[PDB]
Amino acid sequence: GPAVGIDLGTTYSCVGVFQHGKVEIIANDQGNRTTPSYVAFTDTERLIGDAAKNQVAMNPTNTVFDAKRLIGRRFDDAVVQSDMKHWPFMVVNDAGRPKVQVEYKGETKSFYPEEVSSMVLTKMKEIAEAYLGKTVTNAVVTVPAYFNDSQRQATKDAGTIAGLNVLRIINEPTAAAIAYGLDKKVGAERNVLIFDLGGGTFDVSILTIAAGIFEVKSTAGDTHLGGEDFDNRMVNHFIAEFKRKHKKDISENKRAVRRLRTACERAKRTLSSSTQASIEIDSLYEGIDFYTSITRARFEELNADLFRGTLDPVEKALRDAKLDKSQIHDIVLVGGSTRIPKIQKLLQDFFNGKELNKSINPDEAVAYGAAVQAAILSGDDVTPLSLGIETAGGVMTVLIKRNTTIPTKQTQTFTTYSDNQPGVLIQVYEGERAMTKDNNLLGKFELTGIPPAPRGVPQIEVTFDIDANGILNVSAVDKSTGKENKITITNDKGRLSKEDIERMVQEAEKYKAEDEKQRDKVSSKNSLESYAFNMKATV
């Protein structure tokens, strides 16, 4: 029946379905609402999920994880070459593509990243089918906002290989926002910050939501930071405590270290709801029982640099988004590590007491939003686009920002690009791109009769006026003579579709850097030439 949402996560994945007016996150065959994204190959079998993760220490070279770090990349990508150094499994280059290479039933086999991820998705699919008692075909799968076209397409292929029809690939932060219904809040646009701290990765995203349209303003984070690091601080703390008390270093013994790590992970979880946790390990090393405890404050101190460090990407995202912290309407906590009270406090204090949206299980929120969107996709007055004119060099100079309420009037003053320019061409464009080449021309007209003056002297006042019915009147006035000309541009056609708008916004995002570079290339901001830049011959 219904399509499922799937958070295909770096360490674990989660699947959910919107039914009977409610999202249900679906437990797997061991009763777990999240499934490790792990695939293991053995002499006899292929394990996926919990079974895979549980045996990793017995079969590490054959147990694959972190495929999401490879997916859609090229073997010689610096990220891949750096990541490979920390993985026990082999990654090899097949005609430029990374493949993970393993031993399976006594033979060497290799898989593309999207094949591995497809195996994880097959597991989630089957989990969903067990729960629903029917075949699951359609799905929405989520990816990090920073994923490029290659990574998105490879994630989609992973879905296709698994027998899923992927209705849409959507951004994790967007999923999170949908989960909290921040898109249904419609009113003036809202700036949302998604703070996603998982086991292995930390992503910060700033979105602006206007009229149901999500725009990613900025992304930042740390691809190497998560709960495991916090666990690791406690582990090392306790190794040192043991060495200090018993004069033995247990690091030599792998299993002892494993047992310690497990205990610290549990303790860390306890410290989110209690101010202390007890560690009890029988015969940790050399027959010595380790029974001790740790306070929340001590855990916080052990982590202080890591925790306080999470604010740095928040700050950078705010800068890149050209927003003051006070301009953030909604803060969303995603990822298990946001359960940590110090993290929540650090963040709330940074935001001056502002309340965080935490109520949805932070491990499940992305899947939740995905499930909602899947449901919608299986079924379940303001300006649509920025409006501006061409200025010298073909650059788009915006008079009215997308999603401005109408009626509206906006005026800006422009000048001439060259000496003794007799006229200016007023070329009215609509779109989110920096260069008019990439936007849509709605109309054009000339203001002639400009008295000869040095470049930059004449003052031409341009006015964009939109009435309640959305009819756009654009006029230019020579401020020295009062002479004027204008054009009327007819819009309400039902000519743009919500999808068109999302598309344009997303492309404007994809191209942001190139656009900026080309934007600030031209010296003066308000200069108008006498010709259409995009009709001018180039090589």
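In case it trips you up, residue 1 is the first one in the sequence shown, and so on. Here, rigid core means the biggest group of C-alpha atoms that superpose within 1.5 Å across both forms.
Rigid core superposition in 7 other deposited structures of this protein puts the Cα atoms of one stretch, out of 402-410 and 318-326, farther from the shown form on average, and that stretch is 402-410. Comparing the two stretches 181-189 and 110-118 by root mean square C-alpha distance in 7 other deposited structures of this protein, with all structures fitted on the core, the more displaced one is 181-189. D77, present in the displayed chain, carries coordinates in each of the other PDB entries compared that cover both sides of it, far from a third leaving it out.
Missing-residue comparison: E355 falls in the unmodelled set for none of the other PDB entries checked, so it is not missing from a third of them. Deposited sequence between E461 and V462: no residues lack coordinates (chain continuous). When the mean C-alpha temperature factors of 161-169 and 405-413 are read from the deposited coordinates, 405-413 comes out higher.
Across the two stretches, 241-249 and 427-435, the PDB entry reports the greater mean Cα temperature factor for 241-249. Of the candidates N59, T481, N32, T490, it is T490 whose Cα B-factor is highest according to the PDB record. Taking only the listed residues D196, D183, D222, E301, the entry reports the highest CA temperature factor at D183. When the CA B factors of the chain's modelled residues are split into thirds, the value for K512 lands in the highest one. Annotation for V522: CA B-factor lies in the highest third of the chain's modelled residues.
Among the modelled residues of its chain, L385 has a C-alpha B-factor that falls in the highest third, as given in the PDB entry. When the modelled residues of the chain are ordered by C-alpha B-factor, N469 sits in the highest third. Among all modelled residues in its chain, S272 ranks in the lowest third by Cα B-factor.
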